[PDB]
Amino acid sequence: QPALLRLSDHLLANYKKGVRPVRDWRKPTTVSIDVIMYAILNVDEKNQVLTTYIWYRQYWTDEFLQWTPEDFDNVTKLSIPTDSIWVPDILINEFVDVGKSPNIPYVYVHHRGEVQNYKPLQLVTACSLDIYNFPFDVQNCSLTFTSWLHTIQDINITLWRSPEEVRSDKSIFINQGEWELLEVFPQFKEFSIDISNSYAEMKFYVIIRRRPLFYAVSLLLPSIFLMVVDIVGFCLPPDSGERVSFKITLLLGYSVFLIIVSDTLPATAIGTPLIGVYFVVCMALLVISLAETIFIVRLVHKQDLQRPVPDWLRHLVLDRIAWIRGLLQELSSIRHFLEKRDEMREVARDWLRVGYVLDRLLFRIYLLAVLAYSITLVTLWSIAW
Amino acid sequence: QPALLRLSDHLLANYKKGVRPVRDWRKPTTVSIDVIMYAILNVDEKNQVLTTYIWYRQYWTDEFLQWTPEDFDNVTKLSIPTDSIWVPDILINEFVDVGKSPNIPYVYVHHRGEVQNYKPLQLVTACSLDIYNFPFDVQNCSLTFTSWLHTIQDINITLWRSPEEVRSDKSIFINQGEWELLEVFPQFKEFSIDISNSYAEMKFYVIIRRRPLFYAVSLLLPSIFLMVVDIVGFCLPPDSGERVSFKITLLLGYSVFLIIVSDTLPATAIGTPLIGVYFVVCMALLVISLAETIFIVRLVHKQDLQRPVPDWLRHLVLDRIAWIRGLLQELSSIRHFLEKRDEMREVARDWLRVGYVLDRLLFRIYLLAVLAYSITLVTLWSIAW
Amino acid sequence: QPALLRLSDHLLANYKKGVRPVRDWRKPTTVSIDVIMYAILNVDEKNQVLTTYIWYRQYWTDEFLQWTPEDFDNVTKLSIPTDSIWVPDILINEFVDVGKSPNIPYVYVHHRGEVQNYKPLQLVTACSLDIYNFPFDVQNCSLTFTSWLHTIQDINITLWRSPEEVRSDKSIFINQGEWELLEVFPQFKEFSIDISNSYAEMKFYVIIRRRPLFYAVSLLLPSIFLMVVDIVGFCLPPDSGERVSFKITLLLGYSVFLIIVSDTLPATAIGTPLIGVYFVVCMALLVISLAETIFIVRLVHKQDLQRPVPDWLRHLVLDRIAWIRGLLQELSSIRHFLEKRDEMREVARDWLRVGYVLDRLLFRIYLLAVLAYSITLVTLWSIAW
Amino acid sequence: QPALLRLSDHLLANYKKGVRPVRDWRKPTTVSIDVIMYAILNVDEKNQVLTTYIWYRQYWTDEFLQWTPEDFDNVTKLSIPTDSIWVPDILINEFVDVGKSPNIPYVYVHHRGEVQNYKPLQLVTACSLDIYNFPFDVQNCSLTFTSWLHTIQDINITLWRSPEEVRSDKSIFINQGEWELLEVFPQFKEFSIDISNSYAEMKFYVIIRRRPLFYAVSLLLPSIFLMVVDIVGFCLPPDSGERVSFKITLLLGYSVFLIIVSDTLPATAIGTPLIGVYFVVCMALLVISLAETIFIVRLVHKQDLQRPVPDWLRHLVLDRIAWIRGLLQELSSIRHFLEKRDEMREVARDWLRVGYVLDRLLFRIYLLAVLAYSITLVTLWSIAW
Amino acid sequence: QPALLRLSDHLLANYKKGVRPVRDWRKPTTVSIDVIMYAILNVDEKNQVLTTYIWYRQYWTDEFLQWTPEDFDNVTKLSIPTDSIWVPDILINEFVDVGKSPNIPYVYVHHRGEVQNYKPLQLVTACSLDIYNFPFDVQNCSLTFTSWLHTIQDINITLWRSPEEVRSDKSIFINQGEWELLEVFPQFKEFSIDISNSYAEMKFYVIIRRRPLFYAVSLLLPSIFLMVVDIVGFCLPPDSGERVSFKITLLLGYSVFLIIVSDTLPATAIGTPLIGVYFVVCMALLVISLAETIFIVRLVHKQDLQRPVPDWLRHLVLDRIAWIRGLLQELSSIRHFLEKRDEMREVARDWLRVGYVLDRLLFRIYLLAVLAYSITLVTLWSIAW
């Protein structure tokens, strides 16, 4: 007689699979698991969901499947079709769709009754991701493995191995994607939503962090030269007039860019992602950059003005010192046509002087406002890094 | 004899699962349920659909599965494969796709015949969402649980617990997403589409509200500085000419933004979402802001005009008081070249005076139109909040 | 003996489900159906497909499942697992994917052999939608229910109820979405693609119409103020020069908008959706609005021109009446420098006169072209409505 | 005895369905098929895939299912559950996903053993589409029906009917979508990837063509008025200066449009779709249209130039003929201020003359370049049509 | 007796399929496979996933299915339903979703026990794609075929054929899509994540390369004329003023284009795709092209300046040589009005001279900077090609 199927006929002859198998019904049949996290596929923050590919193991002690290695030629391990035996009802509490994993048809058994189960599982799972510190984030995500039906009286869930070995386990991992995990933290919990019920749950605080080294040259790099185009915008002379239309073109251009960052960030109602304030401060800087630009051209244009008062003109002098035959009546009619016409040009030349001194000093105080603001952010770089 | 499977063989030997099980066929086998709402996954308003993750319970009294705790060593609870017994045919009337939930293989039984069923269920469900008060909305959504086939003669549906306990149940809930529910309202209904038929239905008026604290800084924040760019637009001098091209650039810029809000809002045929009118009033404000801008430059430009009539000029003076040898003929030819040429400059200077007084007064009445309009909206904030 | 399963064992003992059940094989077992249309989920016109949620009924006379209410305690209705009996092979000919409906496990039977089947069914179905009269359309869509295999010899398909009751049936319906149906028209058809074959088909001319009350304030409302910005565009003085750049900014702005309406409309090869011509006439109106703008500035600019000929100048006068010591040679050198220089300004002033009279008359004939065009469209409103 | 199921019990008592059924194993059981193409659902060229709804037929001679019409009351046709008999393993070699078709549960049998199978099938299939002649294309797509496992020794595949009847078969077809087929070409092939193996394959060169009557008014109609805005762009006077900003606005506007056509066209690496060159020639026409615009304003502006040399000025005259008391020293100081100042205006007037003659002649040679180019394309219309 | 099913009844009478079949349990039942890669469907780099259609083969020696060709009329090959026998548990370690392949119901057997299995399989698989050399890339992608459960004690995996024949196998392949493979490299590996376990894995280094002949005329062709519009931008005269607004329009236009290339490229955290630096160098070239444009107009404008100092003016002369009755007091008042007014025009004319010499020399050094930069890239073409 060929011996291997001789075991299976002897084993599975009366194994009624519709029983949580035990010798004594008071005893909880303890399942015992781990995870080995393989990769992080995608984090679509706008959908508040997370897809993860996880290698996975189980065993549990089965009373009924015990044999002896005698009379079957020293066989201690054996392969069994999964749907021909019992299985625990465990699944994760935070799934969105479980239809992506193939069903492993086969499991092992030992002669003590330790039936061993491996399977892969992918789950698009939903854990509350944090988006506050955006390019430097840690995602305290949670996978809570749970018997959906059975209680502590029926089964308990525990770990395969030492939780320290779960913690720093990077034995197989696809890095160089977007993400990278620092550890996986297991923890038992005893769950009871109500009275007279009690459920085994054992969470997995999987924490991952993002490599910012792509997002810096895709989001911080657009923001920096948007400064220097306006910085070189002040080097335009004020009297040209398109210097106003210069800024608004960039105010149009920055308006385009803030729409692009709008949908890329999720709709998370814990508040603004913190880089968005550092982002949104830039337009108000541009508005006051624009508010400077309108001010001098309201100040300086040929508008038939009044004269500059000397207290501000000495203040302009201080700021310059701080920043650095009755034929006569026809002939009199000629100068009378020009004694004001040349002078109204020079009254316009007087207010013209006021433009350039403000052009110098507001350029520095705009530049020193930005440059002192910039050094604050790179201190936040080394704190985030 | 091991005792647990001794029960299952004694129980399921003749349980023909193709029977709605009862001792007497007049008796309606009453199922009895609840919901425990876990999370709200997504509300895509444009698709008029809603995805919801719901923990769920059932029991019903089964006549045939009764045993005694005697002769089976005091066992009162026991696990059974679901497809080996009867099940009620209930499902929700408003689904779009039920393929996302895993099938729980196992159910409990008691020695009285109370077979107990738990399962999770996600349904992309379609209820008529309201979009009228957009950032402050309540969504009276409905889940109507229904035996698809059986009538009141066959089964009745009732609640597990007190409906008060269903009402304020936030025992497990993923908040800090977008949504948050205030209560879940159950209600029995007796349904009959026709005569000679009657179906048990028990609705669930699930109501949720949106946290506006993200949408305010993503939709109200763009709208406010679009005012102040035009507010500072009047501080441009009128004679520049790009002041017209200034506004149209923003009229172009606001035209961009209204397309962005178009697809974000659904196609709901109950009317405009009410914030859209408050949104669409802004362009007509900008048009009359533009209509001011064209008016003064039609009024003020060097066009070889007629003189200003004094009744409007005294009205301009009132508004200023309200807002605050035959060689002679060659020489006569010289002044004749200039007695009009200097004067036509000054006739242009006369209409130039009319521009700035209108520049002052229309600036206030534009500003006071906007500022009085703005205080109306913040009163609507505290009513919505 | 408990009596209900006593029937089922007596009934299903020898019911070989692999038989289209009849006593005599010449007799066609007539199935008999209806529809009760619940809701219209989505009409994505670009995909030429339609998703519809339909409640659905069947019966057919089964020879083999007859019993007597005697000897089974007056039981005339009974629930049966669907996969334990015969079923007809009907499905709809125009599906794209049938995987969204759950399988109802249960059906009724009567003591005459009328087995009754209810089930829901959703189908993304493909019927040739019409997009010609876009915001006011009726969609003569068709659902042709068909035995996929069996012929008229095997089965016939008929209606449950009177076709009048199918016609005006709005007993359950989710309105206030986008769509609304006026009626559902059933009709039998006898189908034969070839000789020696004949198939029962019974169509359903489901017709729905769209509530335009959202699309009017999302597509007609952008089109109307695009007129009045150019209408107020003529109130710009011609000599400014940005009046040309004014229009092209809107010609740029209208170019943006026609791309937005491009993908929103499907690729239907029956021709242009009829509102698109009314849409596309606007740019050619803007081009000739632009062609006016270039014409006057080609006419009016300081270009050292020739003089205006009086026949057009009297025509300009008619249109104005229709719209309303040898020291002398140094002194002679002075006027010779200015007798032309002042005159070439006035020759430019002469052509300047030609601009404003054309500015008046072309403004009216532009306005009267648009306003008379507009009253044509509102007559088409009351015909469409 | 009821006779119909009397056959089925007599027939299917020992029909072991795990046998490719034949009396003699050398004989290849020839299956025999056709297609009846119903509709073309979508051609997403960017995904290089094609979805098609096909009605489909089979028969094959089964040895084992033969009966006599005697002793069963002259029954020659009969319905059988598909999963209770053999089936051939055929499928198409170019699928992407087969999960969209429902499983027809039923098949016919005849008393000779001709079991007949009908089923529908939709396949998103991948055939190498051609995109070269874009709005006028023919798509030589291929469906190669293949026994996936069995060889020529086991089965052969042939056609049901005459291949001529397959060729012009438009008996049922949903036209008025986008596409329309001219014919379906079947052809047997004998396939062997290697030695000692041989597989029956029978292709289907399905060829379809596109109705261009939508794409012409969605892609050719934008291209034509983009010419005439620049054509009317030359009617702007050169000295205005925004005439340069005119063209670049359209150069910006055409830059927008070429991005819109970029993603609409696939990434097919056989080269550019041929209309794209006719599309991309337009920008280089606009660049040289712009290069004209910069040239004259570089030529004509008040820049204190040198004089025009008469050889080009007589060439400008040829092109015009081709296109059509010591008080004196104060008085001498007056003319010395103006003998050059009036002249430098006239030196600027001399180069001003050069602008308008080039404005005339370059306008024609731009127009005649475009108009002669346009008549080349309409000849390509009648060749494509 | 019909002989073919006589074998199947004799064969499958006691084949308990729940056994990894062998005579002696120490022997590892070696499976033996290959791949025949058919096509590459899509490479969505942003999702870091890859879909591939692969024809596939297996055999393994089965102990139990041996027969003799005697007593069954010389039958050496035979078709068997797959779910009626054993199967190995192999699958690929890098899948995302296996639900797209149909289940082939049938397999072959030989009289030695070589059961032969063919099936197709599509997998959206995840391998770490490289995006560095973007239009000229090679993708060292990996398919690691693995028994998910069984160890080296249970099964070993080997190749069907010689690995050289796998290497250059292009026997069937859909080219002319986007991709093309140069070879497929198989390699055995012996895998053990831990101690006391050992798994057969046999990788497939599938390497493919991209045909750049579409992406060159879709991404390199936009970049080249963006140079020459600014190259012709310097031919604008500086004094016009819109020459500044010229460049910023293209700086706006290039800002549009870099957003388009942003999402087309993935989020790969190995760094920037190398063409992006060659792309992003263009804006900084445009900024310094803009920085030239602001410089000369800051240098040249009528601003009532100081005089040019002769050391720079002789340097400007060097660069030009490198690039090429008391009536008198009324009359004195006349010249005093003009002795400066004409001179301040000429002081403005002096700085005007400085503009054009810088216009010549900066034009060359801008052009020679670009042209010498361009020849570096075409050397990188022939290295990449």
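Labels A, B, C, D and E are assigned to the chains in the order they are written; within every chain, residues are numbered from 1.
To be clear about the criterion, a residue touches a chain if its C-beta (ideal position, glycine included) is under 8 Å from a C-beta of that chain, and two chains touch if they have at least 3 such contacts.
Computed from the mean C-alpha positions, the centre of subunit A lies at a distance of 24 Å from the centre of subunit E.
Each chain gets one centre point, the mean of its Cα atoms, and the points for subunit A and subunit D are 39 Å apart. Shared interface positions of subunit E, defined as residues touching 2 or more other chains, are 99, 241-242, 245, 249, 252, 256, 327, 331, 334. If touching chains are joined by edges, the resulting network of the protein chains shown is one closed cycle, each chain touching exactly two neighbours. The ring sequence of chains is given as C, D, E, A, B, with subunit C as the starting point and subunit D next.
Residue ranges on subunit D touching subunit E, taken from their complex, read 16-23, 25, 47-49, 63-64, 87, 89, 91, 95-99, 126, 128, 148-150, 153-154, 193-194, 241-242, 244-245, 248-249, 251-252, 255-256, 258-259, 262, 267-272, 276, 280, 283-284, 287, 290-291, 294-295, 297-298, 301, 303-304, 327, 330-331, 333-334, 337, 341. Per the touch definition, subunit A reaches subunit E in the complex via residues 2-5, 8-9, 12, 36, 39, 41-42, 53, 73, 75, 77, 79-81, 84, 99-100, 102, 104-108, 118-120, 122, 171-172, 174, 176-178, 211, 213-215, 217-218, 221-222, 225, 228-229, 232, 235-237, 239-242, 245-246, 249-250, 252-253, 256-257, 260, 327-328, 331-332, 334-335, 338, 342, 349, 352.
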